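Participant: Can you keep this structure in mind? I'll have questions shortly.
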Amino acid sequence: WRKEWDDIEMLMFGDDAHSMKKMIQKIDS
Amino acid sequence: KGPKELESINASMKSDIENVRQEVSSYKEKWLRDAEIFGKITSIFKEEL
Amino acid sequence: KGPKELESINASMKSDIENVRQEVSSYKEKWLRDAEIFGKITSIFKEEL
């Protein structure tokens with residue numbers, strides 16, 4: 001179950017990474 | 001404990017062991033979902049390589 | 001404060017301003033390259049999400 005939660009965390013890590021990409025587009029300006 | 005009492009819980013304790021087996025099956029399903037997540041993680045892994 | 005003392009602090013502060021511009025530019029550039037690679041990987045996975 002802890003491993004499944006970690007997989008969920010990696011997915012949410014991907015969401016965090018996408019948010020980071022949006023933020024980079026934003027220090028681009 | 002009374003043997004009648006022990007017999008009743010062992011019915012229930014066996015039921016709990018069955019519930020634990022069902023939970024292990026659920027954990028395996030969770031692992032399979034994690035593996036699908038890992039296959040999407042695979043494109044990211046290729047980028048990392 | 002002594003004018004010699006003031007001249008020394010002013011001179012330092014100028015040089016400190018300078019080191020800062022270069023450091024900021026370098027940090028921004030490295031961050032931007034890493035960010036572009038991260039964004040390509042984030043795109044296909046984002047479409048998957």
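Note on naming: chains are A, B, ... as they come in the structure tokens, residues start from 1 per chain, ligands start from 1 in the order shown.
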Just want the 9 Å neighbourhood of range 28-39 of chain C, counted on only C-alpha atoms, with same-chain residues fewer than 4 positions away dropped. Output as a PyMOL selection string.
Facilitator: (chain A and resi 17-18+20-22+24-25+27-28) or (chain B and resi 47) or (chain C and resi 23-24+43)
Participant: Take the residues that were just selected and, keeping N, CA and C atoms, output them as a CSV table (one decimal), in the first residue's frame.
Facilitator:
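Resulting contents of out-v4.csv:
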chain,number,residue,atom,x,y,z
A,17,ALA,N,5.7,19.0,-11.4
A,17,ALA,CA,6.7,19.3,-12.5
A,17,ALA,C,6.0,20.1,-13.6
A,18,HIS,N,4.8,19.8,-13.9
A,18,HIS,CA,4.0,20.5,-14.9
A,18,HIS,C,3.8,22.0,-14.4
A,20,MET,N,5.7,23.5,-12.5
A,20,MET,CA,7.0,24.1,-12.5
A,20,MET,C,7.3,24.6,-14.0
A,21,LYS,N,6.9,23.8,-14.9
A,21,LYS,CA,7.0,24.2,-16.4
A,21,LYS,C,6.2,25.4,-16.7
A,22,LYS,N,5.0,25.5,-16.1
A,22,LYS,CA,4.2,26.7,-16.3
A,22,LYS,C,4.9,27.9,-15.7
A,24,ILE,N,8.1,28.3,-15.2
A,24,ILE,CA,9.3,28.6,-16.0
A,24,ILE,C,8.8,29.4,-17.2
A,25,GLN,N,7.7,29.1,-17.8
A,25,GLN,CA,7.2,29.9,-18.9
A,25,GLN,C,6.9,31.3,-18.4
A,27,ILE,N,9.8,31.9,-15.4
A,27,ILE,CA,10.5,33.2,-15.3
A,27,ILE,C,10.9,33.7,-16.7
A,28,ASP,N,10.4,33.0,-17.8
A,28,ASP,CA,10.8,33.4,-19.1
A,28,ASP,C,10.5,34.8,-19.4
B,47,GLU,N,13.5,10.1,-21.3
B,47,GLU,CA,14.0,11.5,-21.4
B,47,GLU,C,15.2,11.6,-20.4
C,23,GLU,N,26.3,36.8,-11.6
C,23,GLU,CA,25.8,35.6,-11.0
C,23,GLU,C,24.3,35.4,-11.3
C,24,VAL,N,23.5,36.5,-11.3
C,24,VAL,CA,22.1,36.3,-11.6
C,24,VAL,C,21.9,35.8,-13.0
C,43,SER,N,5.5,17.7,-21.1
C,43,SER,CA,4.4,17.8,-22.2
C,43,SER,C,3.7,16.5,-22.5
Participant: Report the Cα RMSD between chain C and chain B after least-squares superposition, pairing every C-alpha atom in order.
Facilitator: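 For chain B versus chain C, the C-alpha RMSD is 2.1 Å.
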Participant: Determine which residues of chain B sit within 10 Å of chain C, taking into account only C-alpha atoms, and present them as a short mmCIF file (atom, residue, chain, number, x, y, z; two decimals) with N, CA, C and O atoms, in the first residue's frame.
Facilitator:
data_model
loop_
_atom_site.label_atom_id
_atom_site.label_comp_id
_atom_site.auth_asym_id
_atom_site.auth_seq_id
_atom_site.Cartn_x
_atom_site.Cartn_y
_atom_site.Cartn_z
N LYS B 40 3.78 5.10 -17.72
CA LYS B 40 3.81 6.53 -18.17
C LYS B 40 5.12 7.11 -17.63
O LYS B 40 5.83 7.96 -18.31
N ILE B 41 5.51 6.67 -16.44
CA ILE B 41 6.82 7.15 -15.90
C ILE B 41 7.92 6.75 -16.89
O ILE B 41 8.97 7.39 -16.86
N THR B 42 7.67 5.75 -17.73
CA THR B 42 8.72 5.25 -18.67
C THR B 42 9.14 6.29 -19.71
O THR B 42 10.32 6.28 -20.07
N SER B 43 8.22 7.10 -20.24
CA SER B 43 8.62 8.17 -21.20
C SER B 43 9.55 9.15 -20.49
O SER B 43 10.60 9.57 -21.09
N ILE B 44 9.21 9.49 -19.25
CA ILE B 44 10.06 10.42 -18.46
C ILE B 44 11.42 9.75 -18.26
O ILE B 44 12.42 10.46 -18.31
N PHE B 45 11.42 8.44 -18.00
CA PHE B 45 12.68 7.69 -17.77
C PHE B 45 13.54 7.72 -19.04
O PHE B 45 14.76 7.83 -18.91
N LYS B 46 12.92 7.59 -20.22
CA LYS B 46 13.67 7.67 -21.50
C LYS B 46 14.27 9.07 -21.64
O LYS B 46 15.46 9.18 -22.00
N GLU B 47 13.49 10.10 -21.29
CA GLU B 47 14.03 11.48 -21.36
C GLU B 47 15.22 11.58 -20.41
O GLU B 47 16.22 12.23 -20.79
N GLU B 48 15.12 10.98 -19.22
CA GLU B 48 16.20 11.03 -18.20
C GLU B 48 17.45 10.32 -18.71
O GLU B 48 18.55 10.80 -18.41
#
Participant: Return as a PyMOL selection string the residues belonging to chain A that are within 10 Å of chain B, counting only C-alpha atoms.
Facilitator: chain A and resi 1-8+10-11+14
